[PDB]
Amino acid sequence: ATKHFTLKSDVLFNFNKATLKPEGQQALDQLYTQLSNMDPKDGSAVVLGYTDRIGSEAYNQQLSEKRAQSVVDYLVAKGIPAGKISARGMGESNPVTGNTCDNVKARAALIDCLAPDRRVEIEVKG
């Protein structure tokens, strides 16, 4: 089977940036063992980066890739083998919130409503 772990982008990173904050390092610390128990032969992990739909679609794809790779870098330095993990930047695609926030116009309320879309997903197979 496949396990799925969701991390909040706003906790891990500051805006426009892909440097892991101390709070992001601690969340990856608390998760490193649940991913440390991968299968040594069949196990692999994919780190998918996502953004919300505000701004440039190309810039959001690029930023999501840098954020997903930053997570990979940290977990590899912790001890996940570099050959068993990789990153993918999905940008605005595959949003969690659907059309829920369509009617929300004010920026602060909209930012809050779209927060579920700003996340890093870690899928662990085997």
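The numbering used is simple: start at 1 and walk along the sequence shown.
Higher mean CA B-factor, judged across 73-81 and 27-35 from the recorded values: 27-35. Comparing 52-60 with 37-45, the higher mean C-alpha B-factor in the PDB entry belongs to 37-45. In the PDB entry, a CA B factor belonging to the lowest third of its chain's modelled residues is recorded for residue 10. Compared with the other modelled residues of the chain, the Cα B-factor recorded for residue 103 ranks in the highest third. Per the PDB record, residue ranking by Cα B-factor puts residue 124 in the highest third of the chain.
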